[PDB]
Amino acid sequence: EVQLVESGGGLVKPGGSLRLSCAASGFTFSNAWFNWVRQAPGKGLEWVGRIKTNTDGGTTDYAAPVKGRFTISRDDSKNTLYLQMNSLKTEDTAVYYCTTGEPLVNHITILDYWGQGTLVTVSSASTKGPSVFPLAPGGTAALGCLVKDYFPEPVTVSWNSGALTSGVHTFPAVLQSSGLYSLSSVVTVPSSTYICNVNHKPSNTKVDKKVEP
Amino acid sequence: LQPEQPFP
Amino acid sequence: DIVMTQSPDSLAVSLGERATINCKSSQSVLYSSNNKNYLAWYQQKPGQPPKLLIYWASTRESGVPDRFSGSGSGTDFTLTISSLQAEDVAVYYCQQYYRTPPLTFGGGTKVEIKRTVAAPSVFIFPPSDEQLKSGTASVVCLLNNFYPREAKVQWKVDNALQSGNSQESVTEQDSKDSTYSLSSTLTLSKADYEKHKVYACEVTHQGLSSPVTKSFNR
């Protein structure tokens, strides 16, 4: 299988620097032209930049709102692609994807393969872990966890280590007046067994809260 | 000009 | 700098029926030397990266079900999903690769399932004791598995209607039963939460003849 796995996303202040990585497997890394495409929350896809094969001189091209501040490089020996962001602005806040075409059919601007994406938050605000509060208790009960006052996004929530997945709803975080995020996660039926596994990686918060009546 | 994406 | 345009912005089609998405390029993408349209389509499910569906305007990517079809030429293109399933709910993007860099995309078109009206189940949660000891109280109201998305939530403290101390968010459309869920949180100071006694969440929706209230005391 083809795998594009990205890392290095997180919080960074305006004017700072941050390097995203993209580790590739399942195809010839050295014959691929790699792209970075980003997506601001609730907005569209915008191509950031591109690097050609080293055989083609490792040429890099960048989109206008990003030229002069962003740098793309490749390490064919490690099958790792880099996106190096400098002079960061709040409008650079987005999910960043690495993406490439299958080199065996010579796809250089047809985007066969995408990574899962990593979120970059450009803010002067500071990291804060969440507080996790239970939500307790036709013929259906509701229970859950409330994940309050954290920054930045994201939080990953799972139920029972985790799966239990049926009847679960994890809601989009809401940005409160405080400038911190709050979300909730819920499940169902009158039974019993229910642990919510909350995790906020920017703050190394990793909490398992047991919801009981 | 011609597009970059080659077509086999 | 080819600009890609898409229409409509949103689409609700019944299960098994046909969804049609349009894409326009600010200049031709056809290229007369061969007769190939340099245009692709991507499907982005919620919380996932785009997945390539179609390229060269009508070449279906490997593994993509045949209910997905692409057509058009020059500046006008169409993606057709002939027998729409619940798993096909996503935002679909077109992309030109005619004038190489930059790669440019359209604004996307959201495709959702049209479905029988479903009334919401309603649940209300008082604040935890874990939160009250910290000077704020969050009462949550859950509107579960309803359709369509439009719902109104009204908080009442001692039968006094509230305005601007709740916040809500809505799940994207469920990939199985095609329903939505909504979560509303009213946040008060521990002082103001204790000054009052009854906490009501009132819900209005097409599927309810009269509003639904769920309440508690303390």
Side-chain angles (χ1 to χ4, degrees), chain A residues 3-24 29-30 32-101 108-109 111 113-128 150-155 175 179-181 200-204, chain B residues 4, chain C residues 1 49-50 95 99-105:
Chain A
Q3 309 198 232
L4 300 181
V5 177
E6 325 177 25
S7 61
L11 172 69
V12 57
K13 331 185 162 283
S17 315
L18 190 70
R19 176 159 88 163
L20 307 176
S21 307
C22 173
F29 186 94
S30 53
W33 295 22
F34 281 96
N35 304 264
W36 287 93
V37 180
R38 74 183 174 181
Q39 177 170 46
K43 294 257 174 68
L45 315 171
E46 167 187 49
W47 175 86
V48 176
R50 168 232 276 175
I51 186 171
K52 310 183 185 181
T53 62
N54 286 320
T55 283
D56 298 3
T59 313
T60 59
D61 305 86
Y62 304 100
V66 153
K67 186 165 95 141
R69 323 181 283 118
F70 288 17
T71 289
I72 299 173
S73 63
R74 64 190 305 157
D75 189 346
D76 291 2
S77 55
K78 303 171 172 186
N79 310 336
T80 308
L81 171 79
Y82 301 99
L83 168 61
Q84 192 113 30
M85 320 181 268
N86 306 293
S87 316
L88 280 161
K89 308 176 173 187
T90 55
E91 311 84 312
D92 288 321
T93 289
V95 173
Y96 284 76
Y97 300 98
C98 54
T99 177
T100 193
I108 56 177
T109 59
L111 303 183
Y113 305 133
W114 296 67
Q116 80 275 337
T118 189
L119 169 77
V120 174
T121 315
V122 183
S123 193
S124 59
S126 49
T127 310
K128 174 169 190 58
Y150 67 87
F151 186 84
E153 285 261 56
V155 172
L175 179 48
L180 309 159
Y181 293 97
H200 182 239
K201 238 61 187 170
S203 69
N204 232 301
Chain B
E4 292 188 316
Chain C
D1 286 330
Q95 173 219 328
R99 283 306 187 61
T100 174
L103 287 64
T104 56
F105 303 80

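In what follows, chains carry the letters A, B, and so on, assigned in the order in which the sequence lines appear, proteins first and then strands, with residues in each chain numbered from 1.
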Work out which heavy atom in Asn86(A) is nearest to a heavy atom in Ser17(A); give both atom names and the distance. OD1-OG, 3.0 Å
Taking the side chain as every heavy atom from C-beta outward, state whether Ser30(A) and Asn54(A) have any atom pair closer than 4.5 Å. no
With heavy-atom distances below 4.5 Å as the criterion, would you say the side chains of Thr104(C) and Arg99(C) are in contact? no
Approximate separation, where rounding is to 0.5 Å, of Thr100(A) OG1 and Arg50(A) CZ: 11.0 Å
Taking the side chain from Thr99(A) and the backbone from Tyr113(A), do they hold a donor-acceptor pair closer than 3.5 Å? yes
Closest heavy-atom pair, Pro202(A) versus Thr127(A), reported as atoms and distance to 0.1 Å, is O-CG2, 3.2 Å
Please examine the side chains of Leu4(A) and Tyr97(A), heavy atoms only from C-beta on, and report whether any two atoms are closer than 4.5 Å. no
N/O donor-acceptor pair under 3.5 Å between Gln116(A) side chain and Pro49(C) backbone: no
Quick one: does any side-chain atom of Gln95(C) pair with a main-chain N or O of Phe105(C) as donor and acceptor, under 3.5 Å? no
Nearest heavy-atom pair of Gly9(A) and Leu20(A): which atoms, and what distance? N-CD2, 3.5 Å
Surrounding NZ of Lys201(A) (heavy atoms of other residues, nucleotides or ligands, distance under 6.0 Å), is the total greater than 12? yes
Could you measure the distance from the CH2 atom of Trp33(A) to the CG atom of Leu111(A)? Nearest 0.5 Å is fine. 12.5 Å
Heavy-atom side-chain contact between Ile72(A) and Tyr62(A) under 4.5 Å: yes
The reported gap from CG in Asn79(A) to CZ in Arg74(A) (rounded to nearest 0.5 angstrom) is 9.5 Å
If we only count heavy atoms from C-beta on, is the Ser7(A) to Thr118(A) side-chain gap below 4.5 Å? no
Can a donor-acceptor pair be found, under 3.5 Å and without considering hydrogens, that links the side chain of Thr55(A) to the backbone of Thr53(A)? no
With rounding to the nearest 0.5 Å, note down the distance linking CH2 in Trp114(A) to CG in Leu45(A). 5.5 Å
Checking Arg38(A) against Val120(A) for the side-chain contact (heavy atoms from CB on, under 4.5 Å) test, could you report, in this order, the C-alpha distance in whole Å, the side-chain angles of both residues, the deciding distance, and whether it holds? CA-CA 10 Å; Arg38(A) 74 183 174 181; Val120(A) 174; over 6 Å; no
If you draw a 6.0 Å radius around NZ in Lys52(A), do more than 12 non-hydrogen atoms from other residues or ligands fall strictly inside? yes
Between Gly179(A) and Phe151(A), the two heavy atoms sitting closest are O-CD1, 3.7 Å
Does the side chain of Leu81(A) come within less than 4.5 Å of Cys98(A)'s, by heavy atoms? yes
Could you give me the CA-CA distance, side-chain angles and deciding distance for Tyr150(A) and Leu180(A), then say whether side-chain contact (heavy atoms from CB on, under 4.5 Å) is met? CA-CA 5 Å; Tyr150(A) 67 87; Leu180(A) 309 159; 5.9 Å; no
So, for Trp36(A) and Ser21(A), which heavy atoms are closest and what is the spacing to 0.1 Å? CH2-O, 4.0 Å
Can you tell me how far CZ of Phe29(A) sits from OG of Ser77(A), rounded to the nearest 0.5 angstrom? 9.0 Å
Is there a side-chain contact between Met85(A) and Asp92(A) (heavy atoms, below 4.5 Å)? no
Least distance between heavy atoms, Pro14(A) atom then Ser123(A) atom: CD-C, 3.5 Å
Is there a side-chain contact between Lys128(A) and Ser126(A), using heavy atoms and a 4.5 Å cut-off? no
Which value, rounded to the nearest 0.5 Å, describes the distance between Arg69(A) atom CZ and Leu88(A) atom CG? 6.5 Å
Start with the C-alpha gap between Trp47(A) and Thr109(A), add the side-chain angles, then the distance that decides, and say whether side-chain contact (heavy atoms from CB on, under 4.5 Å) holds. CA-CA 11 Å; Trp47(A) 175 86; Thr109(A) 59; over 6 Å; no
